[PDB]
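J.: My file is protein-v9.cif. It has mmCIF, N, CA and C atoms (P, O5', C5', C4', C3', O3' and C1' of nucleotides) and all ligand atoms:
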data_protein
loop_
_atom_site.group_PDB
_atom_site.id
_atom_site.type_symbol
_atom_site.label_atom_id
_atom_site.label_comp_id
_atom_site.auth_asym_id
_atom_site.auth_seq_id
_atom_site.Cartn_x
_atom_site.Cartn_y
_atom_site.Cartn_z
ATOM 1 N N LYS A 258 2.146 -31.965 -19.228
ATOM 2 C CA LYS A 258 1.158 -31.275 -18.352
ATOM 3 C C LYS A 258 1.912 -30.676 -17.167
ATOM 4 N N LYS A 259 1.520 -29.462 -16.771
ATOM 5 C CA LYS A 259 2.194 -28.769 -15.729
ATOM 6 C C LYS A 259 2.028 -29.508 -14.390
ATOM 7 N N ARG A 260 3.075 -29.515 -13.554
ATOM 8 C CA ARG A 260 3.009 -30.249 -12.274
ATOM 9 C C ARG A 260 2.153 -29.493 -11.273
ATOM 10 N N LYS A 261 1.689 -30.257 -10.271
ATOM 11 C CA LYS A 261 0.808 -29.830 -9.199
ATOM 12 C C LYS A 261 1.532 -29.806 -7.884
ATOM 13 N N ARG A 262 1.104 -28.889 -7.027
ATOM 14 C CA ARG A 262 1.610 -28.750 -5.645
ATOM 15 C C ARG A 262 1.457 -30.086 -4.898
ATOM 16 N N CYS A 263 2.336 -30.396 -3.946
ATOM 17 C CA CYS A 263 2.253 -31.687 -3.267
ATOM 18 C C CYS A 263 1.202 -31.684 -2.180
ATOM 19 N N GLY A 264 0.836 -30.503 -1.671
ATOM 20 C CA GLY A 264 -0.182 -30.390 -0.626
ATOM 21 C C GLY A 264 0.336 -30.651 0.784
ATOM 22 N N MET A 265 1.514 -31.264 0.907
ATOM 23 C CA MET A 265 2.011 -31.770 2.176
ATOM 24 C C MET A 265 3.117 -30.971 2.771
ATOM 25 N N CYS A 266 4.024 -30.443 1.954
ATOM 26 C CA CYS A 266 5.190 -29.747 2.498
ATOM 27 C C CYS A 266 4.731 -28.482 3.324
ATOM 28 N N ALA A 267 5.628 -27.934 4.146
ATOM 29 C CA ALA A 267 5.281 -26.753 4.946
ATOM 30 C C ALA A 267 4.772 -25.590 4.054
ATOM 31 N N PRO A 268 5.468 -25.291 2.939
ATOM 32 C CA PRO A 268 4.907 -24.208 2.079
ATOM 33 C C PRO A 268 3.450 -24.481 1.596
ATOM 34 N N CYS A 269 3.182 -25.655 1.030
ATOM 35 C CA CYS A 269 1.818 -26.068 0.689
ATOM 36 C C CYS A 269 0.743 -25.919 1.765
ATOM 37 N N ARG A 270 1.070 -26.183 3.042
ATOM 38 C CA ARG A 270 0.095 -25.985 4.131
ATOM 39 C C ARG A 270 -0.234 -24.518 4.437
ATOM 40 N N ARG A 271 0.649 -23.584 4.070
ATOM 41 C CA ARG A 271 0.380 -22.158 4.282
ATOM 42 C C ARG A 271 -0.875 -21.866 3.469
ATOM 43 N N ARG A 272 -1.700 -20.963 3.955
ATOM 44 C CA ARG A 272 -3.013 -20.702 3.429
ATOM 45 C C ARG A 272 -3.171 -19.332 2.922
ATOM 46 N N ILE A 273 -2.266 -18.388 3.269
ATOM 47 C CA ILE A 273 -2.375 -17.040 2.853
ATOM 48 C C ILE A 273 -1.019 -16.487 2.397
ATOM 49 N N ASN A 274 -1.081 -15.373 1.664
ATOM 50 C CA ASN A 274 0.092 -14.768 1.088
ATOM 51 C C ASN A 274 0.786 -13.831 2.026
ATOM 52 N N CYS A 275 2.130 -13.844 2.028
ATOM 53 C CA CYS A 275 2.865 -12.968 2.938
ATOM 54 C C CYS A 275 2.688 -11.482 2.552
ATOM 55 N N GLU A 276 2.460 -11.184 1.273
ATOM 56 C CA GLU A 276 2.383 -9.779 0.774
ATOM 57 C C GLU A 276 3.690 -8.950 0.950
ATOM 58 N N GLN A 277 4.803 -9.538 1.420
ATOM 59 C CA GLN A 277 6.077 -8.825 1.621
ATOM 60 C C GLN A 277 7.204 -9.280 0.627
ATOM 61 N N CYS A 278 7.035 -10.426 -0.038
ATOM 62 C CA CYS A 278 8.088 -10.975 -0.890
ATOM 63 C C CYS A 278 8.004 -10.410 -2.304
ATOM 64 N N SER A 279 9.106 -10.508 -3.041
ATOM 65 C CA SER A 279 9.108 -10.130 -4.464
ATOM 66 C C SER A 279 7.932 -10.715 -5.292
ATOM 67 N N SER A 280 7.675 -12.018 -5.104
ATOM 68 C CA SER A 280 6.638 -12.705 -5.868
ATOM 69 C C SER A 280 5.290 -12.145 -5.548
ATOM 70 N N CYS A 281 5.056 -11.918 -4.255
ATOM 71 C CA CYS A 281 3.794 -11.296 -3.822
ATOM 72 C C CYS A 281 3.694 -9.851 -4.352
ATOM 73 N N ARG A 282 4.768 -9.094 -4.162
ATOM 74 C CA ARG A 282 4.836 -7.685 -4.623
ATOM 75 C C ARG A 282 4.650 -7.536 -6.167
ATOM 76 N N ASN A 283 5.196 -8.472 -6.954
ATOM 77 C CA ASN A 283 5.152 -8.338 -8.419
ATOM 78 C C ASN A 283 4.201 -9.234 -9.160
ATOM 79 N N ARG A 284 3.228 -9.777 -8.413
ATOM 80 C CA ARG A 284 2.266 -10.710 -8.880
ATOM 81 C C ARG A 284 1.621 -10.311 -10.177
ATOM 82 N N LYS A 285 1.169 -9.048 -10.258
ATOM 83 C CA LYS A 285 0.556 -8.519 -11.465
ATOM 84 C C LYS A 285 1.421 -8.784 -12.705
ATOM 85 N N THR A 286 2.736 -8.667 -12.593
ATOM 86 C CA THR A 286 3.633 -8.902 -13.735
ATOM 87 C C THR A 286 4.315 -10.272 -13.731
ATOM 88 N N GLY A 287 4.723 -10.723 -12.568
ATOM 89 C CA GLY A 287 5.425 -12.000 -12.408
ATOM 90 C C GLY A 287 4.564 -13.280 -12.353
ATOM 91 N N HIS A 288 3.290 -13.157 -12.028
ATOM 92 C CA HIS A 288 2.347 -14.319 -11.916
ATOM 93 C C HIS A 288 2.842 -15.488 -11.006
ATOM 94 N N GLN A 289 3.720 -15.226 -10.021
ATOM 95 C CA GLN A 289 4.201 -16.306 -9.194
ATOM 96 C C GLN A 289 3.493 -16.408 -7.841
ATOM 97 N N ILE A 290 3.553 -17.602 -7.273
ATOM 98 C CA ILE A 290 3.053 -17.845 -5.900
ATOM 99 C C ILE A 290 3.958 -17.152 -4.879
ATOM 100 N N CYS A 291 3.417 -16.740 -3.743
ATOM 101 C CA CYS A 291 4.238 -16.289 -2.599
ATOM 102 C C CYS A 291 5.472 -17.165 -2.428
ATOM 103 N N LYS A 292 6.625 -16.565 -2.158
ATOM 104 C CA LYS A 292 7.868 -17.340 -1.977
ATOM 105 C C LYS A 292 7.722 -18.324 -0.818
ATOM 106 N N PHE A 293 6.994 -17.942 0.226
ATOM 107 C CA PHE A 293 6.794 -18.817 1.411
ATOM 108 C C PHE A 293 5.790 -19.960 1.186
ATOM 109 N N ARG A 294 5.080 -19.922 0.068
ATOM 110 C CA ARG A 294 4.109 -20.983 -0.295
ATOM 111 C C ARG A 294 4.564 -21.914 -1.427
ATOM 112 N N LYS A 295 5.649 -21.564 -2.124
ATOM 113 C CA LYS A 295 6.096 -22.368 -3.230
ATOM 114 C C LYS A 295 6.411 -23.755 -2.733
ATOM 115 N N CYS A 296 5.834 -24.748 -3.398
ATOM 116 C CA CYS A 296 5.927 -26.136 -2.996
ATOM 117 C C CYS A 296 7.399 -26.615 -3.059
ATOM 118 N N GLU A 297 7.833 -27.347 -2.053
ATOM 119 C CA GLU A 297 9.243 -27.767 -2.002
ATOM 120 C C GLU A 297 9.539 -28.596 -3.243
ATOM 121 N N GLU A 298 8.594 -29.490 -3.611
ATOM 122 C CA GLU A 298 8.815 -30.401 -4.718
ATOM 123 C C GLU A 298 8.812 -29.752 -6.081
ATOM 124 N N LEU A 299 8.273 -28.522 -6.208
ATOM 125 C CA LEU A 299 8.269 -27.789 -7.494
ATOM 126 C C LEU A 299 9.483 -26.870 -7.730
ATOM 127 N N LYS A 300 10.413 -26.821 -6.775
ATOM 128 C CA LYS A 300 11.648 -26.079 -6.961
ATOM 129 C C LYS A 300 12.655 -26.919 -7.751
ATOM 130 N N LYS A 301 12.672 -28.233 -7.521
ATOM 131 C CA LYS A 301 13.622 -29.144 -8.182
ATOM 132 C C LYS A 301 13.029 -29.721 -9.463
ATOM 133 O "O5'" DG B 1 -16.975 -16.034 -21.879
ATOM 134 C "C5'" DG B 1 -15.962 -14.985 -21.819
ATOM 135 C "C4'" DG B 1 -15.689 -14.574 -20.387
ATOM 136 C "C3'" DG B 1 -14.315 -13.933 -20.143
ATOM 137 O "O3'" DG B 1 -14.429 -13.069 -18.989
ATOM 138 C "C1'" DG B 1 -14.378 -16.042 -19.100
ATOM 139 P P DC B 2 -13.187 -12.299 -18.330
ATOM 140 O "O5'" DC B 2 -12.869 -13.142 -17.009
ATOM 141 C "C5'" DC B 2 -13.825 -13.125 -15.932
ATOM 142 C "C4'" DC B 2 -13.253 -13.787 -14.705
ATOM 143 C "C3'" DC B 2 -11.912 -13.215 -14.232
ATOM 144 O "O3'" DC B 2 -12.034 -13.075 -12.809
ATOM 145 C "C1'" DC B 2 -11.675 -15.541 -14.683
ATOM 146 P P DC B 3 -10.936 -12.303 -11.962
ATOM 147 O "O5'" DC B 3 -9.967 -13.473 -11.504
ATOM 148 C "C5'" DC B 3 -10.489 -14.563 -10.749
ATOM 149 C "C4'" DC B 3 -9.373 -15.522 -10.441
ATOM 150 C "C3'" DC B 3 -8.029 -14.853 -10.188
ATOM 151 O "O3'" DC B 3 -7.401 -15.618 -9.207
ATOM 152 C "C1'" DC B 3 -7.781 -16.434 -11.863
ATOM 153 P P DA B 4 -6.465 -14.939 -8.150
ATOM 154 O "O5'" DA B 4 -5.533 -16.150 -7.734
ATOM 155 C "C5'" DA B 4 -6.115 -17.370 -7.259
ATOM 156 C "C4'" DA B 4 -5.181 -18.496 -7.600
ATOM 157 C "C3'" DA B 4 -3.746 -18.240 -7.178
ATOM 158 O "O3'" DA B 4 -3.253 -19.434 -6.586
ATOM 159 C "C1'" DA B 4 -3.845 -18.600 -9.512
ATOM 160 P P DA B 5 -1.809 -19.465 -5.915
ATOM 161 O "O5'" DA B 5 -0.889 -19.987 -7.100
ATOM 162 C "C5'" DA B 5 -1.109 -21.329 -7.621
ATOM 163 C "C4'" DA B 5 -0.269 -21.528 -8.857
ATOM 164 C "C3'" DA B 5 1.191 -21.154 -8.664
ATOM 165 O "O3'" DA B 5 1.959 -22.082 -9.418
ATOM 166 C "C1'" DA B 5 0.372 -20.053 -10.505
ATOM 167 P P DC B 6 3.131 -22.923 -8.746
ATOM 168 O "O5'" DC B 6 3.536 -23.898 -9.942
ATOM 169 C "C5'" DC B 6 2.546 -24.792 -10.503
ATOM 170 C "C4'" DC B 6 2.872 -25.089 -11.950
ATOM 171 C "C3'" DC B 6 4.343 -25.357 -12.260
ATOM 172 O "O3'" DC B 6 4.446 -26.294 -13.343
ATOM 173 C "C1'" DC B 6 3.646 -23.441 -13.437
ATOM 174 P P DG B 7 5.885 -26.885 -13.800
ATOM 175 O "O5'" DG B 7 6.195 -26.104 -15.157
ATOM 176 C "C5'" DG B 7 5.388 -26.330 -16.339
ATOM 177 C "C4'" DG B 7 6.000 -25.667 -17.556
ATOM 178 C "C3'" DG B 7 7.481 -25.899 -17.810
ATOM 179 O "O3'" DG B 7 7.634 -26.002 -19.247
ATOM 180 C "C1'" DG B 7 7.113 -23.596 -17.538
ATOM 181 P P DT B 8 9.079 -26.166 -19.920
ATOM 182 O "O5'" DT B 8 9.399 -24.691 -20.403
ATOM 183 C "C5'" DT B 8 8.555 -24.100 -21.388
ATOM 184 C "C4'" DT B 8 9.165 -22.800 -21.825
ATOM 185 C "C3'" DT B 8 10.675 -22.877 -22.100
ATOM 186 O "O3'" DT B 8 10.832 -22.352 -23.421
ATOM 187 C "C1'" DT B 8 10.185 -21.160 -20.522
ATOM 188 P P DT B 9 12.292 -22.114 -24.057
ATOM 189 O "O5'" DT B 9 12.646 -20.660 -23.517
ATOM 190 C "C5'" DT B 9 11.694 -19.584 -23.696
ATOM 191 C "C4'" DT B 9 12.256 -18.287 -23.164
ATOM 192 C "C3'" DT B 9 13.713 -18.031 -23.540
ATOM 193 O "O3'" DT B 9 13.846 -16.610 -23.728
ATOM 194 C "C1'" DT B 9 13.537 -18.090 -21.214
ATOM 195 P P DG B 10 14.606 -15.979 -25.045
ATOM 196 O "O5'" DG B 10 14.469 -14.404 -24.811
ATOM 197 C "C5'" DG B 10 13.583 -13.777 -23.860
ATOM 198 C "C4'" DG B 10 14.398 -13.053 -22.813
ATOM 199 C "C3'" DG B 10 15.823 -12.696 -23.239
ATOM 200 O "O3'" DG B 10 16.197 -11.538 -22.530
ATOM 201 C "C1'" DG B 10 15.928 -13.930 -21.267
ATOM 202 P P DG B 11 16.795 -10.327 -23.262
ATOM 203 O "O5'" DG B 11 17.225 -9.403 -22.039
ATOM 204 C "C5'" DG B 11 16.212 -8.993 -21.093
ATOM 205 C "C4'" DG B 11 16.847 -8.895 -19.731
ATOM 206 C "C3'" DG B 11 18.257 -8.304 -19.778
ATOM 207 O "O3'" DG B 11 18.317 -7.343 -18.739
ATOM 208 C "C1'" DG B 11 18.296 -10.400 -18.689
ATOM 209 P P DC B 12 19.545 -6.370 -18.614
ATOM 210 O "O5'" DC B 12 20.400 -6.966 -17.390
ATOM 211 C "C5'" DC B 12 19.717 -7.263 -16.154
ATOM 212 C "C4'" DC B 12 20.586 -8.143 -15.293
ATOM 213 C "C3'" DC B 12 22.053 -7.789 -15.360
ATOM 214 O "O3'" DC B 12 22.306 -6.805 -14.364
ATOM 215 C "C1'" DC B 12 21.629 -10.152 -15.347
ATOM 216 O "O5'" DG C 1 26.618 -22.127 -12.132
ATOM 217 C "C5'" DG C 1 25.257 -22.596 -12.162
ATOM 218 C "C4'" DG C 1 24.451 -21.719 -11.244
ATOM 219 C "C3'" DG C 1 23.035 -22.175 -10.935
ATOM 220 O "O3'" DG C 1 22.670 -21.544 -9.684
ATOM 221 C "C1'" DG C 1 22.971 -20.290 -12.343
ATOM 222 P P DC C 2 21.218 -21.785 -8.987
ATOM 223 O "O5'" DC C 2 20.619 -20.316 -8.871
ATOM 224 C "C5'" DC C 2 21.333 -19.309 -8.140
ATOM 225 C "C4'" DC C 2 20.668 -17.977 -8.374
ATOM 226 C "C3'" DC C 2 19.183 -17.938 -8.011
ATOM 227 O "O3'" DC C 2 18.972 -16.755 -7.250
ATOM 228 C "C1'" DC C 2 19.482 -17.199 -10.241
ATOM 229 P P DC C 3 17.620 -16.546 -6.435
ATOM 230 O "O5'" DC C 3 16.692 -15.708 -7.429
ATOM 231 C "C5'" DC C 3 17.089 -14.407 -7.932
ATOM 232 C "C4'" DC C 3 16.051 -13.918 -8.917
ATOM 233 C "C3'" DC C 3 14.626 -14.362 -8.558
ATOM 234 O "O3'" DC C 3 13.658 -13.495 -9.061
ATOM 235 C "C1'" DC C 3 15.135 -15.105 -10.687
ATOM 236 P P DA C 4 12.934 -12.491 -8.125
ATOM 237 O "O5'" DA C 4 12.165 -11.597 -9.197
ATOM 238 C "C5'" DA C 4 12.923 -10.814 -10.128
ATOM 239 C "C4'" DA C 4 12.231 -10.817 -11.468
ATOM 240 C "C3'" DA C 4 10.699 -10.717 -11.429
ATOM 241 O "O3'" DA C 4 10.301 -10.094 -12.632
ATOM 242 C "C1'" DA C 4 11.305 -12.626 -12.596
ATOM 243 P P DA C 5 9.000 -9.188 -12.702
ATOM 244 O "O5'" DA C 5 8.736 -9.159 -14.266
ATOM 245 C "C5'" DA C 5 9.811 -8.775 -15.157
ATOM 246 C "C4'" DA C 5 9.453 -9.224 -16.546
ATOM 247 C "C3'" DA C 5 7.998 -8.993 -16.932
ATOM 248 O "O3'" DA C 5 8.040 -8.641 -18.282
ATOM 249 C "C1'" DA C 5 8.484 -11.309 -17.021
ATOM 250 P P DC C 6 6.731 -8.160 -19.012
ATOM 251 O "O5'" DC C 6 6.203 -9.498 -19.652
ATOM 252 C "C5'" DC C 6 7.004 -10.096 -20.660
ATOM 253 C "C4'" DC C 6 6.468 -11.444 -21.059
ATOM 254 C "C3'" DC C 6 5.008 -11.472 -21.523
ATOM 255 O "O3'" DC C 6 5.050 -11.845 -22.909
ATOM 256 C "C1'" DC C 6 5.538 -13.269 -20.068
ATOM 257 P P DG C 7 3.704 -11.982 -23.771
ATOM 258 O "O5'" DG C 7 3.375 -13.524 -23.600
ATOM 259 C "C5'" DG C 7 4.272 -14.514 -24.140
ATOM 260 C "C4'" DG C 7 3.756 -15.884 -23.772
ATOM 261 C "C3'" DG C 7 2.305 -16.145 -24.207
ATOM 262 O "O3'" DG C 7 2.368 -17.322 -25.019
ATOM 263 C "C1'" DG C 7 2.590 -16.710 -21.925
ATOM 264 P P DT C 8 1.035 -18.003 -25.626
ATOM 265 O "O5'" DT C 8 0.582 -18.951 -24.435
ATOM 266 C "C5'" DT C 8 1.524 -19.917 -23.981
ATOM 267 C "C4'" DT C 8 1.006 -20.560 -22.730
ATOM 268 C "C3'" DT C 8 -0.352 -21.237 -22.906
ATOM 269 O "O3'" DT C 8 -0.037 -22.614 -22.887
ATOM 270 C "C1'" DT C 8 -0.153 -20.073 -20.842
ATOM 271 P P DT C 9 -1.130 -23.674 -23.265
ATOM 272 O "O5'" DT C 9 -1.799 -23.968 -21.860
ATOM 273 C "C5'" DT C 9 -1.070 -24.693 -20.875
ATOM 274 C "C4'" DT C 9 -1.994 -24.967 -19.720
ATOM 275 C "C3'" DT C 9 -3.378 -25.431 -20.134
ATOM 276 O "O3'" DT C 9 -3.800 -26.285 -19.113
ATOM 277 C "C1'" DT C 9 -3.573 -23.492 -18.898
ATOM 278 P P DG C 10 -3.845 -27.817 -19.399
ATOM 279 O "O5'" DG C 10 -4.324 -28.380 -17.993
ATOM 280 C "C5'" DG C 10 -3.418 -28.280 -16.882
ATOM 281 C "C4'" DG C 10 -4.196 -27.861 -15.664
ATOM 282 C "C3'" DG C 10 -5.506 -28.636 -15.493
ATOM 283 O "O3'" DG C 10 -5.516 -29.149 -14.178
ATOM 284 C "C1'" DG C 10 -5.936 -26.289 -15.496
ATOM 285 P P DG C 11 -6.722 -30.125 -13.702
ATOM 286 O "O5'" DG C 11 -7.727 -29.126 -12.961
ATOM 287 C "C5'" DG C 11 -7.220 -28.335 -11.841
ATOM 288 C "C4'" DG C 11 -8.241 -27.343 -11.346
ATOM 289 C "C3'" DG C 11 -9.648 -27.905 -11.224
ATOM 290 O "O3'" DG C 11 -10.124 -27.610 -9.913
ATOM 291 C "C1'" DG C 11 -9.652 -25.891 -12.464
ATOM 292 P P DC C 12 -11.469 -28.233 -9.415
ATOM 293 O "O5'" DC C 12 -12.497 -27.035 -9.552
ATOM 294 C "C5'" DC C 12 -12.214 -25.815 -8.862
ATOM 295 C "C4'" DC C 12 -12.873 -24.641 -9.550
ATOM 296 C "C3'" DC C 12 -14.382 -24.744 -9.697
ATOM 297 O "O3'" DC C 12 -15.064 -24.279 -8.536
ATOM 298 C "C1'" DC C 12 -13.340 -23.588 -11.507
HETATM 299 ZN ZN ZN A 401 4.792 -13.614 -0.334
HETATM 300 ZN ZN ZN A 402 4.374 -29.022 -1.413
#
What does the file become when written as structure tokens?
Ligand SMILES: [Zn+2]
Ligand SMILES: [Zn+2]
T.:
Amino acid sequence: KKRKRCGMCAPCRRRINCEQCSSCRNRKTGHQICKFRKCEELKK
DNA sequence: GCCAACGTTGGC
DNA sequence: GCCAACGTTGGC
């Protein structure tokens, strides 16, 4: 089962998208979360 | 059925 | 080894 965001790290507390990062810019094709919101624990 | 975004992988 | 496209799926 796919892992879940931790809710606690600084990225998880962010509430809105930066709209300036690659992930935000390519969302339609890339399907990724804003780079500034990606959970610290889901990178490792 | 929609939607946000994780897992896999493939291009670099 | 990074990172983004694609496929997918959990929650609604
Ligand atoms: Zn962003
Ligand atoms: Zn987190």
J.: Give me, as a list in words, the set of residues whose atoms come within 7 Å of any atom of ligand ZN 401 (chain A), counting only N, CA and C atoms (P, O5', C5', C4', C3', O3' and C1' of nucleotides) and all ligand atoms.
T.: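 Counting only what the definition allows, namely only N, CA and C atoms (P, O5', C5', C4', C3', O3' and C1' of nucleotides) and all ligand atoms, the set is residues 274, 275, 276, 277, 278, 279, 280, 281, 282, 290, 291, 292, 293 and 294 of chain A.
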J.: Could you write out as a list in words the residues that the PyMOL selection byres (((chain C and resi 7-11) around 6) and not hetatm) matches in the shown file?
T.: residues 258 and 259 of chain A; 6 and 12 of chain C
J.: Could you please extract the residues within 7 Å of ligand ZN 402 (chain A), counting only N, CA and C atoms (P, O5', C5', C4', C3', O3' and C1' of nucleotides) and all ligand atoms, and hand them back as a list in words?
T.: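 Going residue by residue within 7 Å of ligand ZN 402 (chain A), we get residues 262, 263, 264, 265, 266, 267, 268, 269, 270, 295, 296, 297, 298 and 299 of chain A.
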J.: Can you write just those residues out, N, CA and C atoms, as a short mmCIF file (atom, residue, chain, number, x, y, z; two decimals), keeping the file's coordinate frame?
T.:
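Saved result, out-v1.cif, follows:
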data_model
loop_
_atom_site.label_atom_id
_atom_site.label_comp_id
_atom_site.auth_asym_id
_atom_site.auth_seq_id
_atom_site.Cartn_x
_atom_site.Cartn_y
_atom_site.Cartn_z
N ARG A 262 1.10 -28.89 -7.03
CA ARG A 262 1.61 -28.75 -5.64
C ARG A 262 1.46 -30.09 -4.90
N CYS A 263 2.34 -30.40 -3.95
CA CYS A 263 2.25 -31.69 -3.27
C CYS A 263 1.20 -31.68 -2.18
N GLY A 264 0.84 -30.50 -1.67
CA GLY A 264 -0.18 -30.39 -0.63
C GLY A 264 0.34 -30.65 0.78
N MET A 265 1.51 -31.26 0.91
CA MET A 265 2.01 -31.77 2.18
C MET A 265 3.12 -30.97 2.77
N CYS A 266 4.02 -30.44 1.95
CA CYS A 266 5.19 -29.75 2.50
C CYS A 266 4.73 -28.48 3.32
N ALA A 267 5.63 -27.93 4.15
CA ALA A 267 5.28 -26.75 4.95
C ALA A 267 4.77 -25.59 4.05
N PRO A 268 5.47 -25.29 2.94
CA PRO A 268 4.91 -24.21 2.08
C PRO A 268 3.45 -24.48 1.60
N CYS A 269 3.18 -25.66 1.03
CA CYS A 269 1.82 -26.07 0.69
C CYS A 269 0.74 -25.92 1.76
N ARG A 270 1.07 -26.18 3.04
CA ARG A 270 0.10 -25.98 4.13
C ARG A 270 -0.23 -24.52 4.44
N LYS A 295 5.65 -21.56 -2.12
CA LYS A 295 6.10 -22.37 -3.23
C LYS A 295 6.41 -23.76 -2.73
N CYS A 296 5.83 -24.75 -3.40
CA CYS A 296 5.93 -26.14 -3.00
C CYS A 296 7.40 -26.62 -3.06
N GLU A 297 7.83 -27.35 -2.05
CA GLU A 297 9.24 -27.77 -2.00
C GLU A 297 9.54 -28.60 -3.24
N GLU A 298 8.59 -29.49 -3.61
CA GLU A 298 8.82 -30.40 -4.72
C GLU A 298 8.81 -29.75 -6.08
N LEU A 299 8.27 -28.52 -6.21
CA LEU A 299 8.27 -27.79 -7.49
C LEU A 299 9.48 -26.87 -7.73
#
J.: For atom P of residue B:5 and atom CA of residue A:300, determine how far apart the two atoms are, in Å to one decimal place.
T.: 15.0 Å
J.: Atom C1' of residue C:2 to atom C1' of residue B:3: how many Å, to one decimal?
T.: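 The value is 27.3 Å.
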J.: As an exercise, work out the distance from atom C5' of residue B:1 to atom C of residue A:273 in Å and give it to one decimal place.
T.: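 So the two atoms, atom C5' of residue B:1 and atom C of residue A:273, lie 28.5 Å apart.
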J.: Complete stretch 282-296 of chain A at the level of N, CA, C and O atoms, written as a PDB file, in the coordinates of the input.
T.:
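Result file is selection-v4.pdb:
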ATOM      1  N   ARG A 282       4.768  -9.094  -4.162  1.00  0.00           N
ATOM      2  CA  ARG A 282       4.836  -7.685  -4.623  1.00  0.00           C
ATOM      3  C   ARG A 282       4.650  -7.536  -6.167  1.00  0.00           C
ATOM      4  O   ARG A 282       3.911  -6.656  -6.616  1.00  0.00           O
ATOM      5  N   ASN A 283       5.196  -8.472  -6.954  1.00  0.00           N
ATOM      6  CA  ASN A 283       5.152  -8.338  -8.419  1.00  0.00           C
ATOM      7  C   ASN A 283       4.201  -9.234  -9.160  1.00  0.00           C
ATOM      8  O   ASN A 283       4.287  -9.346 -10.400  1.00  0.00           O
ATOM      9  N   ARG A 284       3.228  -9.777  -8.413  1.00  0.00           N
ATOM     10  CA  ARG A 284       2.266 -10.710  -8.880  1.00  0.00           C
ATOM     11  C   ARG A 284       1.621 -10.311 -10.177  1.00  0.00           C
ATOM     12  O   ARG A 284       1.563 -11.122 -11.119  1.00  0.00           O
ATOM     13  N   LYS A 285       1.169  -9.048 -10.258  1.00  0.00           N
ATOM     14  CA  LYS A 285       0.556  -8.519 -11.465  1.00  0.00           C
ATOM     15  C   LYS A 285       1.421  -8.784 -12.705  1.00  0.00           C
ATOM     16  O   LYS A 285       0.898  -9.180 -13.707  1.00  0.00           O
ATOM     17  N   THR A 286       2.736  -8.667 -12.593  1.00  0.00           N
ATOM     18  CA  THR A 286       3.633  -8.902 -13.735  1.00  0.00           C
ATOM     19  C   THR A 286       4.315 -10.272 -13.731  1.00  0.00           C
ATOM     20  O   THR A 286       4.496 -10.887 -14.751  1.00  0.00           O
ATOM     21  N   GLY A 287       4.723 -10.723 -12.568  1.00  0.00           N
ATOM     22  CA  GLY A 287       5.425 -12.000 -12.408  1.00  0.00           C
ATOM     23  C   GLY A 287       4.564 -13.280 -12.353  1.00  0.00           C
ATOM     24  O   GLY A 287       5.059 -14.351 -12.625  1.00  0.00           O
ATOM     25  N   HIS A 288       3.290 -13.157 -12.028  1.00  0.00           N
ATOM     26  CA  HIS A 288       2.347 -14.319 -11.916  1.00  0.00           C
ATOM     27  C   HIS A 288       2.842 -15.488 -11.006  1.00  0.00           C
ATOM     28  O   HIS A 288       2.388 -16.651 -11.178  1.00  0.00           O
ATOM     29  N   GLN A 289       3.720 -15.226 -10.021  1.00  0.00           N
ATOM     30  CA  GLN A 289       4.201 -16.306  -9.194  1.00  0.00           C
ATOM     31  C   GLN A 289       3.493 -16.408  -7.841  1.00  0.00           C
ATOM     32  O   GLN A 289       3.059 -15.434  -7.286  1.00  0.00           O
ATOM     33  N   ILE A 290       3.553 -17.602  -7.273  1.00  0.00           N
ATOM     34  CA  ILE A 290       3.053 -17.845  -5.900  1.00  0.00           C
ATOM     35  C   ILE A 290       3.958 -17.152  -4.879  1.00  0.00           C
ATOM     36  O   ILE A 290       5.127 -16.966  -5.131  1.00  0.00           O
ATOM     37  N   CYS A 291       3.417 -16.740  -3.743  1.00  0.00           N
ATOM     38  CA  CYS A 291       4.238 -16.289  -2.599  1.00  0.00           C
ATOM     39  C   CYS A 291       5.472 -17.165  -2.428  1.00  0.00           C
ATOM     40  O   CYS A 291       5.396 -18.392  -2.571  1.00  0.00           O
ATOM     41  N   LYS A 292       6.625 -16.565  -2.158  1.00  0.00           N
ATOM     42  CA  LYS A 292       7.868 -17.340  -1.977  1.00  0.00           C
ATOM     43  C   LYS A 292       7.722 -18.324  -0.818  1.00  0.00           C
ATOM     44  O   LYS A 292       8.256 -19.412  -0.883  1.00  0.00           O
ATOM     45  N   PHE A 293       6.994 -17.942   0.226  1.00  0.00           N
ATOM     46  CA  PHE A 293       6.794 -18.817   1.411  1.00  0.00           C
ATOM     47  C   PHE A 293       5.790 -19.960   1.186  1.00  0.00           C
ATOM     48  O   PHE A 293       5.692 -20.892   2.021  1.00  0.00           O
ATOM     49  N   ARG A 294       5.080 -19.922   0.068  1.00  0.00           N
ATOM     50  CA  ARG A 294       4.109 -20.983  -0.295  1.00  0.00           C
ATOM     51  C   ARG A 294       4.564 -21.914  -1.427  1.00  0.00           C
ATOM     52  O   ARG A 294       3.990 -22.996  -1.596  1.00  0.00           O
ATOM     53  N   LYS A 295       5.649 -21.564  -2.124  1.00  0.00           N
ATOM     54  CA  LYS A 295       6.096 -22.368  -3.230  1.00  0.00           C
ATOM     55  C   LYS A 295       6.411 -23.755  -2.733  1.00  0.00           C
ATOM     56  O   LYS A 295       7.175 -23.916  -1.810  1.00  0.00           O
ATOM     57  N   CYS A 296       5.834 -24.748  -3.398  1.00  0.00           N
ATOM     58  CA  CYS A 296       5.927 -26.136  -2.996  1.00  0.00           C
ATOM     59  C   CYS A 296       7.399 -26.615  -3.059  1.00  0.00           C
ATOM     60  O   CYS A 296       8.103 -26.355  -4.035  1.00  0.00           O
TER      61      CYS A 296
END
